[PDB]
């Protein structure tokens with residue numbers, strides 16, 4: 001499992 | 001004196017990065033002139049983030065949904081693109097703070113100062129070292145995709161890295177600002193891991209030069225060994241093989257400290273077999289390899305950057 | 001997901017440092033607002049370096065004798081001053097890039113990200129820890145004095161240090177921007193060996209907490225040790241004694257990782273007695289003691305700065 | 001023999 005980075009940002 | 005992870009100053013790179021938002025997936029992207037570089041997986045949502053198809057995903061996306069934030073000032077998008085692994089969003093304005101830059105792909109072993117940034121703002125800096133398996137032991141958390149691993153030579157920044165992902169083992173991987181990916185990895189959630197790691201010999205030698213210059217001379221010994229014997233003993237000890245051009249690149253250090261390359265090379269090969277024996281070198285009890293000879297000569301002589 | 005000596009971004013501090021020149025001697029100087037904070041020994045020459053008379057030396061030097069360069073722009077002094085050991089040269093203009101500065105002192109154990117500058121220009125950054133003997137294991141060369149070791153709380157710069165001299169053992173000494181030395185020092189080239197050094201226990205505990213958080217749990221053990229027993233073990237092992245206040249500091253780390261403070265105090269007690277057993281933690285065979293719990297939380301929770 | 005850092009700049 002290769003985690004992939006991103007920001008989980010609302011709205 | 002002294003010797004630490006002397007990371008490059010980051011003022012010329014802080015002001016040239018923006019946040020990149022599309023849909024609910026957000027990440028930070030580098031901003032140069034009228035172009036905003038961001039990882040291509042910005043478009044992917046967690047629903048379809050495993051084995052995606054970027055060619056049609058970009059087609060579905062438009063100019064309006066690519067919303068980029070230059071910190072507080074709202075930024076307008078007037079274009080889009082997708083080269084090998086990174087988008088190339090264009091913006092109406094041109095960044096005042098863009099420094100002299102050049103995208104440089106660096107061979108394994110070269111070190112650079114990463115500007116770890118979360119939600120489009122600087123968070124910290126430190127020197128990574130691109131291991132032979134094309135992975136950097138970064139310190140990145142969620143929202144870090146796009147933290148450029150810049151590098152400053154003569155006041156011209158040389159963006160040589162752009163973070164994309166981790167690995168199950170715990171290391172990170174990313175593309176150069178050109179877009180061509182670093183190593184064999186792919187940008188999908190597929191089970192994906194790096195090969196065996198190899199300690200970089202030239203960086204160890206540069207670190208030992210720093211040790212000798214900083215008054216640490218206990219590991220030096222009269223013994224001297226030839227290049228090929230050292231290569232084999234390092235091979236049985238998982239070190240990257242030493243070639244003559246490396247001895248060439250250590251030349252300035254050898255001249256400065258007065259110690260021949262092969263002398264400390266035999267010292268190192270004896271150190272590996274005998275072990276560290278307990279007493280430390282510059283506060284490290286392990287053969288630390290993240291200093292290139294350029295970094296050592298930079299830190300032990302003093303180089304201007306302005 | 002990794003953990004390295006991650007130092008604060010420096011763009012807010014790079015543009016606030018200038019050259020200060022008094023005759024032959026030139027060195028770094030912080031340029032907050034219209035004041036240029038430079039160390040006392042700018043006036044002092046090599047001839048009168050040992051046991052100087054700063055009170056008379058400053059009187060002997062006039063305003064025009066103080067040559068201050070902001071990179072290429074020439075600065076004109078409109079007056080000077082003298083706090084405890086730092087000068088307060090004023091300039092005609094006011095730095096546009098001055099951030100929200102806040103002069104503070106730091107108790108031994110607090111860490112800050114220095115901005116080692118040579119010839120009035122930023123050169124690099126790293127995290128130093130104010131050791132209990134009031135010295136920092138810096139990486140400074142000749143001409144680096146006045147290179148402030150700053151700190152960023154949330155959005156404001158919080159200058160904590162200002163490099164002045166070097167010690168024969170290799171460590172360095174400096175002042176707050178107020179001017180008072182850290183510990184028992186004098187500003188003269190006289191025998192000034194610092195006292196014995198003690199490993200900072202709370203920082204070691206924070207480092208171990210970071211190690212637990214980043215997937216390393218091998219050193220954790222069932223056995224639990226009370227605080228007083230831990231202190232009586234640690235004093236013979238040179239570690240600084242642990243107090244209830246420190247345990248209160250580690251509260252967020254204990255809550256986040258779920259591990260009780262005393263359990264990992266016992267783990268550190270066992271680790272420190274038998275030894276590292278020859279397998280590293282976070283790529284270190286010796287216990288790191290330069291990570292504050294605030295820094296660990298900052299690096300493992302994505303704190304924002306802008 | 002405490003060293004005291006400063007720059008050796010001519011003119």
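Residue 1 is the first one shown; counting continues down the chain.
Each Cβ is built from the backbone N, Cα and C atoms, and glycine gets one as well.
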Selected residue, Swiss-Prot feature ubiquitin cross-link, from candidates C:90, C:269: C:90
Mapped DSSP class for residue C:5 (ubiquitin cross-link), helix or strand or coil: coil
Rounded Cα-Cα span from residue C:90 (ubiquitin cross-link) to residue C:41 (active site, for 3CL-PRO activity), Å: 17
Residue C:90 (ubiquitin cross-link) and residue C:5 (ubiquitin cross-link), distance between Cα atoms, whole Å: 35
Intermolecular Cβ proximity, recorded positions C:5, C:41, C:90 versus chain D, under 8 Å: C:41
Fewest-neighbour residue among recorded positions, criterion Cβ within 10 Å, set C:5, C:41: C:5
Subset of C:5, C:41, C:90 (recorded positions) with C-beta under 8 Å from chain B: C:5
